[PDB]
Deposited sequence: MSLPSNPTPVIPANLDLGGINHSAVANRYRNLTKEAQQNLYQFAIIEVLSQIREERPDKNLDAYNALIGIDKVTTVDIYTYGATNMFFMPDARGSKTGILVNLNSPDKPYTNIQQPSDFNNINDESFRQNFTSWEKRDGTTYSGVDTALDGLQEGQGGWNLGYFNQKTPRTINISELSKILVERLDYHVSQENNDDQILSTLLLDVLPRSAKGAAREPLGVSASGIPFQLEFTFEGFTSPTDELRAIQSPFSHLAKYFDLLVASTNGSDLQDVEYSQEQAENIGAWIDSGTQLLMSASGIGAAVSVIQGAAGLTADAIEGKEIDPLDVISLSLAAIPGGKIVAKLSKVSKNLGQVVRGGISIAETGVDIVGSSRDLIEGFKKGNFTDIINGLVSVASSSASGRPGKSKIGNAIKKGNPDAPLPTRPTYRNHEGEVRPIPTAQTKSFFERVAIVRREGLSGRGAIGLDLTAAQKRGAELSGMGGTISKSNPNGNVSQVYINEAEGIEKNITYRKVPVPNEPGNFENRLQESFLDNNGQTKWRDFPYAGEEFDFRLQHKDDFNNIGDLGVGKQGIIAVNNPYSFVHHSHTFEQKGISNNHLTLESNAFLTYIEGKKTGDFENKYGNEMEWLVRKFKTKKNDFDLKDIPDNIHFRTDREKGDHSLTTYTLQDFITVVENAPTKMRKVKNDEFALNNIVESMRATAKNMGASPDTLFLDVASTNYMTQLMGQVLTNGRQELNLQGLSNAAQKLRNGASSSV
């Protein structure tokens, strides 16, 4: 499945400067001279030295023949050595007598002649070289003449790309070998010892051409070096989406990055996805594709293929791109299949999976990903990035396919998969949803669900299983008398009795909480004198609303900000590395919902902070500072909060939680005012969050800061 992409080979060669092409031929010659030298007794370095810049003179005969020349054994001699730089097996032949020319008949010689010229050899052979008298040049002029001969040969023929790739098949690996012999590195623009290069890892000549656009192509590395020898960059979202490098397949594979053997599943899933695309003829063997492995919030990874936009320009080389969210493996589809067969992507995919493993954000960051890749190989460079040539001839790295919209697309597909649950959904009133009703949240009230919290169908995308989840009030399994809230799944035992169990691990509760991020439960109490505490599922929520049920309606309705939970989380996120500071972030957020206000790592704020509307305030005095002012500043993440903004997923959910909570209590951020009694708590909190406690803030300063943000 494939053959050689001749234009990809030919493009690499054609886009070299003339100087770099001469150098390529020069290194090929050097390789063949080394072979001649070692295989002969005297060990003369004349040709070697007269070529490698000694001022002794060495005669060469040139021919109307590509890749070929003669090294006479003496001035004007008809005997010596015939060189064919493109011959698999006879790169040099000793010509001791005329008849030696007659015995040369292989296609690797015949190919070096144009269609027009090929007839000269008659049963084809080089016997006719005996009647011709070639011109003599000094050897220092040879690589130039060979370059000009190849250009002419290509111009004499109609099939430019194929003739070019054929005529270079065996020249290129010899050139690469010649370059690896260059002591202490190849020169860059007249400066010696600049460019390290080894021949190790090269496959057969044909396989190197087959793999020219593959991620670790050795020949692409050699071409890149030749470009660097003669002279000699990171993207933003607008530039990327303006470049439009990648076209979605429209199909994706969502997998878990956690659990033992997750990495094996990801590798197999990704190789599987590539194999299916080739069979279904969505993708051709030689098409350049980006296999994206992108982390997804909740410790998941999506594999998704993209085909390169033909609008982009020429693809120069495949490679590995590292995004903040994952890696892309770029090469021809056939290169990716072969690479999977060989295990070439295993260190990369192991590294990525280990850091996506239990990521709340699906955003381990470029540095963590890069480090995890280099872990499976002491401390090497980062893998070479794929590159393309734009319309004006500039070679640039290809942007990642893991753009903003890419993830929007991923989210759409997932949500279409989630559209068949809950036979008939319950038809609840706004008052029931606000938790204002004595009858409960709309579920059926029972002993272990006294609040009547509504059951929810959790679709476990991994297990392919549906679970029914209710936020229930259960005994604190030790101390009698007190109860706590827990999300639990119901199931039938052997006898048809309904039993209940916890989420087995934080990851699953986290995913449930995201999937049902908009729903509220009463985690407080229910009855006439009692405090209902109404809280959204969103795992990034640091607020809730609450009230006391009256004989009719409610009273003391207010929004509460969870000061220390918020403080601790933000201080953690402020470091830029939450995991380093506190645990697994996913575990931290799930655990937050079970933790009381004064039981977080930070306990600095003496109480929770309260906002209420003017009309509902009762006898609470209000400030003119609004939840909206708070949200505006939080959303902007200024000054010491700046790094929180690196995790947009977390920050958007924090804000959206706040807005949903304001709305659900029948209010809005601009109609919710901070209690006078919360003043000091708020200024202390923001002072710390925004300035590390270096600046004393007041509410007016906080309101003005919000005002400044809306003005811009």
Could you please spell out the deposited residue ranges that have no C-alpha entry in the coordinates?
1 to 16, 70 to 71, 141 to 157, 268 to 272, 753 to 757
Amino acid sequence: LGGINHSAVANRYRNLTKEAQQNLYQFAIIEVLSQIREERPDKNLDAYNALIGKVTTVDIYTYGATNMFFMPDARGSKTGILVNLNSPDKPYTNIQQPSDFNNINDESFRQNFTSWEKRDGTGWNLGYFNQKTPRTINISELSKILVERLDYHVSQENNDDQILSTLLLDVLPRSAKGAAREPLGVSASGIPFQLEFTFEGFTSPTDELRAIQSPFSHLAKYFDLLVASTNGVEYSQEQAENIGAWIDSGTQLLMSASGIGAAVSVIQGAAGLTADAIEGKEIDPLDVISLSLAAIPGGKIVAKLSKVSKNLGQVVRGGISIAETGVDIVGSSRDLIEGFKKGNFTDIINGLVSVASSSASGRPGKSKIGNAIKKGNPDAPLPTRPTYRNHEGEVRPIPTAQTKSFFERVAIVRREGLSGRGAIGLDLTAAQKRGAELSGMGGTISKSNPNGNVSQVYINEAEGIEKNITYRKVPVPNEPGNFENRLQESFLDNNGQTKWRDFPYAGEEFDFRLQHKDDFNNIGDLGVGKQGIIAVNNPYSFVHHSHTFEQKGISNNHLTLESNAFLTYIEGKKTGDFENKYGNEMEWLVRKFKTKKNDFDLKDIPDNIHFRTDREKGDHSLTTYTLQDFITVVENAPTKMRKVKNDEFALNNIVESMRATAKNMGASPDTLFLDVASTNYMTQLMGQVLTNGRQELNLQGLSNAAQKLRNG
From here on, numbers count along this sequence of modelled residues.
Do the CA atoms of 700 to 708 or those of 18 to 26 have the higher mean B-factor in the entry?
700 to 708
So which stretch wins on mean C-alpha B-factor, 330 to 338 or 457 to 465?
457 to 465
Selection from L164, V476, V634, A211 [criterion: highest C-alpha temperature factor in the record]
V476
Which listed residue, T206, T114, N494, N538, has the largest C-alpha temperature factor in the record?
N494
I4: CA B-factor among chain residues, third -> middle
Looking at the C-alpha B-factor of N49, is it in the lowest, middle or highest third of its chain?
highest
Thinking about Cα B factors across the chain, which third does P72 belong to?
middle
So where's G80 on the chain's Cα temperature factor ranking, which third?
middle
By its CA B factor, does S448 count among the lowest, middle or highest third of the modelled residues in the chain?
highest
